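Please read the structure below before turning to the comments.
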Amino acid sequence: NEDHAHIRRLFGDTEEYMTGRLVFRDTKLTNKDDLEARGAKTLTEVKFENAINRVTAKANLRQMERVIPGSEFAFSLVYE
RNA sequence: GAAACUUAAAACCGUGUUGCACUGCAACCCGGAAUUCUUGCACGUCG
């Protein structure tokens with residue numbers, strides 16, 4: 001509500017442009033069969049990371065999960 | 001003139017729906033704004 005009049009025009013606010021003009025959507029993954037056509041087994045990888053110490057270096061572990069870099073999503077939005 | 005009840009007996013009673021027809025109805029978005037984000041070397045030590 002303190003943004004520009006061009007950002008508060010297509011995104012909403014609660015002062016004078018009460019509704020969007022832009023409708024975003026949720027997006028599922030689409031190319032699942034194209035990923036198992038190649039050599040991909042799981043849709044999400046598991047990545048191990050480290051945090052080293054800058055003196056007498058000892059490290060503690062954490063595990064991160066993320067979507068693989070071959071994925072494709074069906075982007076869409078409406079304008080009124 | 002003094003002396004002998006226009007008295008006795010007789011229900012203002014019997015029968016009869018405050019009843020018949022009638023929508024608490026028509027019109028109205030629990031709606032508008034908001035990133036599950038910020039920092040982090042799978043690494044150190046070798047008779």
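If I take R0 = 41 Å and measure r between the Cβ atoms of A:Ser71 and A:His6 in this structure, what FRET efficiency does the formula 1/(1 + (r/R0)^6) give, to the nearest 0.05? Show your work: numbers first, answer last.
Values: r = 32 Å, r/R0 = 0.79.
According to the calculation, E is roughly 0.80.
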Inset, instruction - Give the cross-link partners of A:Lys41 among the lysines, using a straight C-alpha distance below 22 Å as the criterion and excluding same-chain residues fewer than 8 apart. - result: A:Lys28, A:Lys32
Legend entry - Amide hydrogen neighbours beyond the local backbone of A:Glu45, cut-off 5 Å, H modeled: A:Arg66, A:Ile68
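Are there trypsin sites (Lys or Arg not before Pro) in chain A that DSSP marks as loop and that have at most 10 other Cβ atoms within 10 Å, and which are they? Please report the intermediate quantities before stating the final value.
Details: sites: A:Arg8, A:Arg9, A:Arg21, A:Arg25, A:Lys28, A:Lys32, A:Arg38, A:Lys41, A:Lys47, A:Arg54, A:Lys58, A:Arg62, A:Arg66; in loops: A:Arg21, A:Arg25, A:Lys28, A:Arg38, A:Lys41, A:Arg54, A:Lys58.
Filter output for chain A: A:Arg25, A:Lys28, A:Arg38, A:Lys41, A:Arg54, A:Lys58.
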Legend entry - Shape of the range A:36-80, Cα gyration tensor, a/c cut at 1.5: oblate
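Per 0.36 nm of contour for each residue apart, how much would the distance between A:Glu45 and A:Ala57 grow if the chain were fully extended, relative to their Cα-Cα spacing?
1.6 nm
Among A:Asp34, A:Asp13, which comes first, then next, by fewest other beta-carbon atoms within 10 Å? Write out the running numbers ahead of the final one.
Numbers: A:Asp34 12, A:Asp13 16.
Ascending number of Cβ neighbours within 10 Å: A:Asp34, A:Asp13.
Pull out a ≥ b ≥ c, the square roots of the eigenvalues of the alpha-carbon gyration tensor of the range A:1-79, then state rounded if a/c is under 1.5, prolate if not and a/b is larger than b/c, and oblate in the remaining case. Walk me through the numbers before you get to the answer.
Details: a/c = 5.15, a/b = 1.49, b/c = 3.47.
Since a/c reaches 1.5 but b/c is at least a/b, the shape of the range A:1-79 is classed as oblate.
Only the coordinates and a few stated rules stand behind these numbers; no lab work does. Note: ideal-geometry Cβ built from the backbone for every residue, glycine included; neighbour counts use all protein chains shown.
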